Structure formats: C-alpha cells, structure tokens
Amino acid sequence: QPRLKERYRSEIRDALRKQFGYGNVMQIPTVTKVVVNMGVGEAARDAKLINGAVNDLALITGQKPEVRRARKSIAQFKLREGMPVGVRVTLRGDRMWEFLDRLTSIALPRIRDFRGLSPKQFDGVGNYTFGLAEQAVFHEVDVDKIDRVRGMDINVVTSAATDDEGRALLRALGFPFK
Amino acid sequence: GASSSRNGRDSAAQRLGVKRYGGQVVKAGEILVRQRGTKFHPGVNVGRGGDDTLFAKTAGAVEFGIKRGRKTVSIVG
Amino acid sequence: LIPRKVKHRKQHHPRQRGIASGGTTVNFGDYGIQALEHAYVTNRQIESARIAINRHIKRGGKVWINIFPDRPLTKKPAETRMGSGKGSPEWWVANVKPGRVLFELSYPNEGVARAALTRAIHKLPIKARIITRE
Amino acid sequence: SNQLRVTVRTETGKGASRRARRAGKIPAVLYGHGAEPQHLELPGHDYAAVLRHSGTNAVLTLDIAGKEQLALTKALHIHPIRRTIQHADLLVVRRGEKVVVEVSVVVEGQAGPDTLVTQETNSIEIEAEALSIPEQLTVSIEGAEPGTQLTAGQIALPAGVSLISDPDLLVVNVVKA
Amino acid sequence: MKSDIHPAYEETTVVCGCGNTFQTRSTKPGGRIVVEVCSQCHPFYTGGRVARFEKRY
Amino acid sequence: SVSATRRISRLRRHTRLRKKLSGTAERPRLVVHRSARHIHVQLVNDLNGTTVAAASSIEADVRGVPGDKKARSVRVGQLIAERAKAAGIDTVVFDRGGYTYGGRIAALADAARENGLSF
RNA sequence: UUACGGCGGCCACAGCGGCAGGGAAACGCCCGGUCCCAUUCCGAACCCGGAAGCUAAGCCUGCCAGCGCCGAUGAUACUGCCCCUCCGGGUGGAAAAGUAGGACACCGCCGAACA
RNA sequence: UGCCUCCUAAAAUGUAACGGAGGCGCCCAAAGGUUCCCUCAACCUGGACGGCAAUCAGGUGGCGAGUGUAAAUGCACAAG
RNA sequence: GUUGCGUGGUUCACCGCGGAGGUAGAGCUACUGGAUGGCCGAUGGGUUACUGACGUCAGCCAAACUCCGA
Ligand SMILES: [Mg+2]
Ligand SMILES: [Mg+2]
Ligand SMILES: [Mg+2]
Ligand SMILES: [Mg+2]
Ligand SMILES: [Mg+2]
Ligand SMILES: [Mg+2]
Ligand SMILES: [Mg+2]
Ligand SMILES: [Mg+2]
Ligand SMILES: [Mg+2]
Ligand SMILES: [Mg+2]
Ligand SMILES: [Mg+2]
Ligand SMILES: [Mg+2]
Ligand SMILES: [Mg+2]
Ligand SMILES: [Mg+2]
Ligand SMILES: [Mg+2]
Ligand SMILES: [Mg+2]
Ligand SMILES: [Mg+2]
Ligand SMILES: [Mg+2]
Ligand SMILES: [Mg+2]
Ligand SMILES: [Mg+2]
Ligand SMILES: [Mg+2]
Ligand SMILES: [Mg+2]
Ligand SMILES: [Zn+2]
C-alpha cells in the first residue's frame, strides 16, 4: 500500500466533493497514468540510445521502457523512417503512486534554482505536462555511470473533466504551483 | 515536322465484365463476373477466384443483390 | 485572361450544342448582355469588350465578367502536312451557348449603361441582346 | 383582389404541355397541406399581369371549376431565351400561416464622399402570415462613409414579420473609389 | 515479459537531514537512499532608487 | 469510457470472425456470451435466425455448483451438450463471441466435446 | 405485457448531436493479481479470482428537425422511332437539381421478469 | 514496332489515326502461408532541448492516409 | 456465297418478366482540378491604402471530375 494512495482516498477523495459539488462518487477525479519519455533525437546519428535513455528510465521509474520508432522521414532532421528516436515508459497502479510520491518529495525540489511549476500547463482536459532538464533530479541514477545529460517530459493523465478541476487534484496531491 | 514520339501505345482490351446476367441458369464452374478488384462480391454458392473472377460453385440461377452497401452475386440452387 | 494551370494541356473541342442551363440570368449587377447563339469567345475578344465598357462610363459603376477562358485550342505549325501529332495550344476559349449571361454592369444612368453594353456586343462574334434584372 | 379563373387539366405530359402553350395557357400544379396535388391550367396573360403588379408573392383567388381557393406562388419556371413563364408552382394558404417568402430589398441613400455602393443580396427570406406579405421592405443609407456595411440584421421589418434567413446576410456594402 | 527483464525493485527507506523519514519502494541498492533536501525543508514550500539616495544622506 | 471501448472492440472482434463462420441447420453455431459473473450460450442456426438450444449460468442448477467461475463453465457446457442432442444435433461450430479462446470459454468448449458434440 | 439481457435480419426514413429519467434478475463500470494466461514498456487492455461501492459513464427509455439522410407530383434537359430543308413538330420513354413533405426506424428467434 | 493501365470508345463486349497521357523487360526467403490483434492522414490544445514538421499526452477525425512499383478497378469488414 | 448430308424452329420480330451499366443530360461544401464577385483575414510588403493563405456567402466549368443519372 503506497502512502500517497492511502492519503488520496482519506482526505483528497472527500475534499473534492466539497469544492466541486459532485452528485456521485464515481465522478471524483483520479490520476490514471504517468507517462515519462526521453525523446532522444540525437540517436538518429550514432545510434546510441541503449545505455543512454533505456538504462536510466529503468532506474528512475522501475520498469524497462519501450523504444519508439520514427513514423515519417524528415530530411532536415537527418531522420529516416523506422529509426529509434524515442524511449517511453508508462506507469500504472502502485508503481505510479510510488513514482509521484518519490517525484514530489525528494526529486522535484532538486531542480536547480527551482521556483515552482506553472499552473497553466494543462491542455484543456486536466492533464498536466512539465519537462525535466537533467537526470540528476533523481538519486536513483548516478552522475558517474551515465553518458551525456538529457531531459524528459512527464505527463500526468487524470480522470478530470476540466483544467481547474485537474489543477485542484494535483494541488491536493502535492504539486507545487506558482 | 515533329512527331508523337511520346504517345502511340496501348495494351490489349481484357474482355472484362458480367458474363452471366440475372435469372440465367448456369452450371457448376461457370464464370459469372470477370473484373479487376471486387466491383462485385461473392455470395452464397459463389467463390472469388485468383484474379477476382467470381465463378459458380453450384448449378442454379444467377441473382444479384446488396449486402451492406456492397453488391454481391449469388446462386439459388 | 489566362488560367495558371490546367490538368490537361490538349483537349477536344467543347461542343456547341444545347441551351445554357446555368448562368442564364443577371446575378451580380443590374444590366446584362445575354448570348443568343453558340460561339467560341476567346480571351482577346473579352478584353476588347471589357475596355469598351470601361471607356464609355470612365468612372463610377462596376463591371462583372462571369465568363472565363479556360478551354485551350491547338494549332499546327504553319505550312505542315496532316497528321504527325496534335498541335501545340494557341488560343484560350470559353464555350458560350444561347442564354448565357456574359457581362454584367451596374451604372446609375440607364442610357449610358445600355449604350456601354451595345459597344461590347459589336466586339463579340455573336448576336446578343441586353437584359435587365427582370 | 386577384380574381384568377383556372381550369383543371385533362391530359398531362410533354405533348399536352406544348399544346396548352399554343392556346396561350400556362400549366401549373396546386399542392398544399397534405393533399393530393391538383393539375390545372392558367389563363396566361391574366396570370402574367397579376404578377407584373402586386409583386411575385401576390395572393391569388382561384376558380377551380366553380370552387374558390387561395394560393401563393411558390415557384416559376422561366424559359431562358423567350423569358416567358413555362410552369407555376402554387401552394394553398388559409388566412395566416407562417409560410416563408423572399421579398425584395430596395436601397435608399446618397454616397456623398468617394464611395461606391454595392448590393449583394436582392431579397431576404422572411416569414410572415399568409395574407399580409409586404410588397417590399426598404433599407436606407445616411451618407455612409466607405466602411460600415448594412446587413440583414438591422433591417426594417414590420410586426409579425420575422427574419429567418441569417442575421449576417450582407445586403449593402460600401467601399472606396 | 514481467519476468527478469525489469530492474530489481524492493522496499527503500528515505531520510532527510531535516529529520524527515518515510518508506517507499525504489531501485536504490540496499534501500538506504539519503537526501539533503526534501518536501519539508525546501524553500518555496514554506518561504527603490529613491530609497538608495535617502540611505546615503 | 472503458466500457464503451470494450463493447465496440469486442463486437468488432466478433464481426471479424463472423466473416468466415456461419452456422446452419445440420451444423448450428455455438455462440458464447461471457460476462464477469455469468456466461451464456446458444445455438443460433443462421439461415432464419432461430435459436434451437440455449443454456446459461443464471439458472438454479448452475447457480448451486461449487467452485470458481471455471467450474460453473463446465456445468453449463454439459447442459447445452444434451439440449442439443435432445434436439437432434451432433456437430456444431464454435463461436468465440469476440473473446480469446482459453480460460472459461475453453472450459465450456471442452465440456461440450466430451458429452457428445463433435467440433 | 415489459424505461429487460442476448443473437440475427437490415445497413442512415435506421446516423450524429442535444435534453431528461431509469437499475428486480441481467448488462456494466468496479475491487484484487495467489493460479492458466497477457503487455515490442504497463494486470490499461487480454486472462483469472472476487461482490465493499455505484447508475456517474456505456447500455436502455422518452422527447427534440438542430447537422446529416430519404423525397414525390408537375415541369424541364436529354432521347428511341417518325414526319420535316433548316427551324421545329408528332408518338413512346424520361432525369439531375429544387419544392410539397417524410423521418429521432422496423421485423424475427431464444432467455428473464410477467402470463 | 512486343507487353501492361487510362481516355478517345457513342452506359454490355469490341473499335482506327505519325490521336491524348503514362509505365514494363523487375523486386521480396518475406513484401509468401496461416493464426490472432490493431486503425489512418490532417487539424487543435499542452510539453526540457525541439523549429511548419522527430518522440510524448489528451481531444477531434469514416477515410482526405496507406498499398514494393504506372494507371484503372478495389480495399477501413480491411486487401492498410 | 453456293451445294451435299444431317438436325428441326433452336433464328428472327413483337409483348411481358428477370438482369448488369455510367454515355446524353445534370451536379459539385460529393472527390480531383479550373475559376467570378463579395466578406473575413494567415503571412509576405512598405511602421500598415500592397500581396489577401485557410475559411465563408452567392453565381459557374471539365474526354482522361462524379454524390447522381436516362
Ligand atoms: Mg485497356
Ligand atoms: Mg496469382
Ligand atoms: Mg450547370
Ligand atoms: Mg439489479
Ligand atoms: Mg486491475
Ligand atoms: Mg444518468
Ligand atoms: Mg417525375
Ligand atoms: Mg431529385
Ligand atoms: Mg455502345
Ligand atoms: Mg464498352
Ligand atoms: Mg516506353
Ligand atoms: Mg509473414
Ligand atoms: Mg505486382
Ligand atoms: Mg494486412
Ligand atoms: Mg424481348
Ligand atoms: Mg427490361
Ligand atoms: Mg437500365
Ligand atoms: Mg469514364
Ligand atoms: Mg456533358
Ligand atoms: Mg474546387
Ligand atoms: Mg474568394
Ligand atoms: Mg461524365
Ligand atoms: Zn527535509
């Protein structure tokens, strides 16, 4: 039982009915999945995303990612079709709540010169995306066993209908917004 | 004078189309519709063929129909 | 007037039979020239009729050309025998059937408008007439 | 006001429509509220005059073999070259329904400055009771600068008459030159 | 596919220099992750030229 | 919705195998409809659309069978394997319904292959 | 007889959208991953074991012509044959478009509640 | 100059010109067989590098994508 | 074409019934292109009188356009 989940159904599940007046408890929003990907565009050249993007997202998240191939060739990017350019992991269930708790507690303040995340980065339904800029945010990877530094952007897909409904959920979980 | 050096050629006409019309009595094995693609689809007692050739599997009578937008050829034994 | 692309550079002739079933009333303006017989109206003939209407009213008013020359006609080189390919396209032509409104005009004076259109009909290879908005 | 004497057609077709026109008559139909359509002749010049006055809407009183019937003119088929009525669509009315009618917009005003006045639509389709049907509804220009353009919205239409065309039909546009 | 391809993943204790301690499931070998700053002790989590001339004189 | 996705996707799979499998008078079609609690089965004869035999888990004989949901799939597999033989049927074609062959549906199918039906 | 669950015919007059209401058994979301089985990563899905919760959604029912769809009668275009120098005419067929309108489907077998 | 596809070609088939447009003399051990599963392009919103457009997430989208290769006839049930 | 030997109404015409079409015509916010006048206005240009995309409102065209269709 991950501790961000038992904290979710204790007071977060009940505080949302009093802010947004739902009739039924099957309308209370909940985060369904957290998707992290790298997007290693500098792997069309030199073809080294093996130790780079695969072996650190296994250490950050806990399971081995999927490698995403390119769908159409773009000449200016020197990109050919069917060439690995992206590395993606998808987190459900207990490994999701154990990622979001580990992200907001000990990782999201390790951003250099951190003054909060924007609360306007919702797409229109209540799904939040923000981008990390380095791997040293996480202790689970080390600076001395890695290749070149690379960032990642993290989707948090919720059951929310609109944005401020999804903003009130992630505020109650512990996302820091400015 | 110039020339039509770029034109002047054609392939042979392939004799495509309906070979047995509606209500017409056929034998087993008779070719009903010769076509490119499925302009017509098989029905009951009709098979497609290797180059979409819609023959007869059973002696009977040819009847045309509709089956969810597609037009089909069937045999009533 | 000339198209900027055609899909087919060499075409058959448009067919001069029938009565016009579309474009047979005055839509845009007040006065209109209506065709009474079949002809091929080239783009050189339309521009001679546009400058003939515009130089008789000289300012004030609005001229509509609801006819475009997008059908090409071909021509062999000059002193040639018959038949070693189709000739290169030379003319641009609109197919004009009886009933088809060709030009439309708005002008405040009825006399000058009806006289500016008469000068256009003497620039066209058709018998035509002037009609109004019923 | 419009006494129009009709007679029921005997035989119908391509041949009988031509023979009725050589007698100066106009073929037409009368279809209305859920009835079978009537096939009937028109006296021609007496029908051509009654729409030459009174507009084209012009509520008609018919004489269908001794029987009286009120009819609006739904559609006309004009020959493109002879400019003569070939066929008429007449629909019955009863003393006020919300039937739909296009009616001409006449334009008033003076383009004082360097302004040309252009009109795009000639008639708006309003809905009104089936015996009033105003002759035309006007529009005016107060000396409009090249600019502000008048629309089907902000037209002057009386009581009972409702705009159901579109409230954005540009009826008059004013420009430079 | 959910067998011996994924990295090892078991229970892991996290402590901060502030005095925070809680218990998650992570990939650190031994389960002894130690942070210098966390969600409890970080800033942002708890928090004129006319006066320049006046200060000189 | 996840149920709106699941209904459309399983009847798209069920139309996918319907292109190659019909069911006739001599050889009816054993259609299974599997839910989270019960399973249903019937023999449909797709020439006039007339069911000739049916069985389910909601009737009181299968309702009082002990065990998991696979033990109640064998019992309903036994019932249509005799209501068909009472109706004069000894060969059928098996219809997945759009589900995967295996688990509870294969246990219905193995109870029907032992008690007389010959697919 | 059902504001029931299936399987078909049928493939928009049947769709798409809007607004309401529905939960006996059933259909579902749902709660879990020990066992069969599963993810180019993920028990999301597929599969299995369950019945704490709920009609919010699907599904069903009713109402809306809104966007789509169907669409005459008459007339015209075109046309077979014939007469006729053209023009046109006689006889036999006859659109597309638009209009009057229609339409928020209908039918069959099995199961359940009721008969 | 042989073969293949379209228009001419006059709603079966067939139809000429030194008439109007194009392709072929290959390629694939999978791009064959079967079994099962999936739905596209485009547009919109959000997102470290990252741009009109790489990878991601949510919408919308009944086929405008795709099909080894010309074109026609087909194929969303998929033949993708 | 004719003639010998066979076969016999199987040929042909009209009436009725069952069938497949994509020509004439017509239509195009049903596709691919061409294209007139407006309105809106991407961006380009010289700070905004010029270009005026995509859309939308009317009227049109096509052997190699077709939702239709004799
Ligand atoms: Mg050919
Ligand atoms: Mg072959
Ligand atoms: Mg037209
Ligand atoms: Mg119940
Ligand atoms: Mg689960
Ligand atoms: Mg509800
Ligand atoms: Mg008719
Ligand atoms: Mg029609
Ligand atoms: Mg022919
Ligand atoms: Mg032919
Ligand atoms: Mg060649
Ligand atoms: Mg293979
Ligand atoms: Mg090939
Ligand atoms: Mg395939
Ligand atoms: Mg006959
Ligand atoms: Mg017939
Ligand atoms: Mg026919
Ligand atoms: Mg064609
Ligand atoms: Mg034509
Ligand atoms: Mg166009
Ligand atoms: Mg424009
Ligand atoms: Mg055509
Ligand atoms: Zn601390």
Side-chain angles (χ1 to χ4, degrees), chain A residues 2-8 10-13 15-16 18-20 28-39 56-57 59-61 89 91 95-141 143 149-178, chain E residues 14-22 24 26 33-48:
Chain A
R3 63 181 290 272
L4 193 63
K5 187 176 182 180
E6 59 90 21
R7 178 257 179 93
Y8 172 71
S10 297
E11 67 265 14
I12 302 171
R13 190 75 183 272
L16 292 172
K18 273 76 176 175
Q19 184 177 1
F20 296 94
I28 302 169
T30 305
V31 46
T32 63
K33 60 181 173 68
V34 172
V35 178
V36 182
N37 60 339
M38 286 292 177
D56 60 354
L57 287 178
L59 297 175
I60 290 168
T61 61
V89 66
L91 300 172
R95 290 189 299 273
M96 179 188 69
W97 294 102
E98 288 169 352
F99 176 72
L100 286 172
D101 196 5
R102 190 173 64 243
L103 181 67
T104 60
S105 297
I106 67 168
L108 204 64
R110 285 177 63 88
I111 300 170
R112 292 186 175 96
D113 193 71
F114 179 70
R115 292 183 307 280
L117 297 176
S118 174
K120 301 287 103 176
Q121 289 178 354
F122 289 93
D123 52 356
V125 181
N127 300 317
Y128 190 72
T129 304
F130 69 101
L132 293 171
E134 68 177 2
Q135 303 174 358
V137 173
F138 298 99
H139 290 86
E140 296 91 14
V141 302
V143 68
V149 292
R150 64 183 63 83
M152 68 194 80
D153 47 350
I154 298 169
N155 302 110
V156 175
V157 181
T158 64
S159 296
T162 182
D163 290 331
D164 53 356
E165 185 179 3
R167 190 176 300 116
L169 177 63
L170 298 174
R171 186 72 65 92
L173 291 171
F175 281 180
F177 293 108
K178 70 181 186 292
Chain E
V14 45
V15 293
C16 184
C18 182
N20 190 2
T21 178
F22 65 100
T24 55
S26 179
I33 182 172
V34 175
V35 306
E36 71 271 16
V37 68
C38 68
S39 177
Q40 296 181 359
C41 60
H42 193 266
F44 184 80
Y45 286 161
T46 185

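Values below: every heavy atom of this structure, side chains too, minus hydrogens, waters and symmetry copies. The sequence lines fix the lettering, A, B, ..., with proteins before strands; numbering per chain opens at 1.
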ask   = Excluding sequence neighbours, so at least two apart, what forms side-chain contact (heavy atoms from CB on, under 4.5 Å) with E:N20?
value =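 Checked E:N20 against side-chain contact (heavy atoms from CB on, under 4.5 Å); matches are E:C16, E:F22, E:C38, E:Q40.
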
Please tell me if the side chains of [X] and [Y] come closer than 4.5 Å, counting only heavy atoms from C-beta onward.
| X | Y | result |
| --- | --- | --- |
| A:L103 | A:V34 | no |
| A:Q121 | A:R167 | no |
| A:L108 | A:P176 | yes |
| A:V31 | A:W97 | yes |
| A:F138 | E:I33 | no |

Can you check whether [Y]'s main-chain N or O pairs, donor with acceptor, with [X]'s side chain at less than 3.5 Å?
| X | Y | value |
| --- | --- | --- |
| A:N37 | A:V89 | no |
| A:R115 | A:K178 | no |
| A:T32 | A:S159 | no |
| A:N155 | A:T129 | no |
| A:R110 | A:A136 | yes |

Could you pull out the closest heavy-atom pair between [X] and [Y], with the gap in Å?
| X | Y | answer |
| --- | --- | --- |
| A:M152 | A:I60 | CE-CD1, 3.7 Å |
| A:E140 | A:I106 | OE2-CD1, 4.4 Å |
| A:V137 | A:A107 | CG1-O, 3.3 Å |
| E:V37 | E:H42 | CG2-CD2, 3.6 Å |
| A:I12 | A:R7 | CD1-NE, 3.5 Å |
| A:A168 | A:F20 | CB-CE1, 3.9 Å |

Taking atom [atom1] of [X] and atom [atom2] of [Y], what is their separation to the nearest 0.5 Å?
| X | Y | atom1 | atom2 | value |
| --- | --- | --- | --- | --- |
| A:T104 | A:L173 | OG1 | CG | 8.0 Å |
| A:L132 | A:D153 | CG | CG | 8.5 Å |
| A:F130 | A:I111 | CZ | CD1 | 7.0 Å |
| A:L169 | A:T30 | CG | OG1 | 7.0 Å |
| A:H139 | A:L59 | NE2 | CG | 14.0 Å |
| A:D101 | E:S26 | CG | OG | 11.5 Å |

inquiry  = Ring-plane angle category for A:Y128 and A:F175, please: parallel below 30°, perpendicular beyond 60°, tilted otherwise.
reply    = tilted

inquiry  = Tell me whether the rings of A:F177 and A:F122 are parallel (<30°), tilted (30 to 60°) or perpendicular (>60°).
reply    = tilted

task = Report the C-alpha distance between A:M38 and A:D56 in whole Å, list the side-chain angles of each, state the deciding distance to 0.1 Å, and finish with yes or no for side-chain contact (heavy atoms from CB on, under 4.5 Å).
result = CA-CA 10 Å; A:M38 286 292 177; A:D56 60 354; 3.3 Å; yes

ask   = With the threshold set at 4.0 Å, does a side-chain nitrogen-carboxylate oxygen contact exist between A:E98 and A:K5?
value =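 So A:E98 does not pair with A:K5 through a salt bridge.
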
side-chain contact (heavy atoms from CB on, under 4.5 Å) assessment of A:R95 paired with A:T61 = CA-CA 8 Å; A:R95 290 189 299 273; A:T61 61; over 6 Å; no

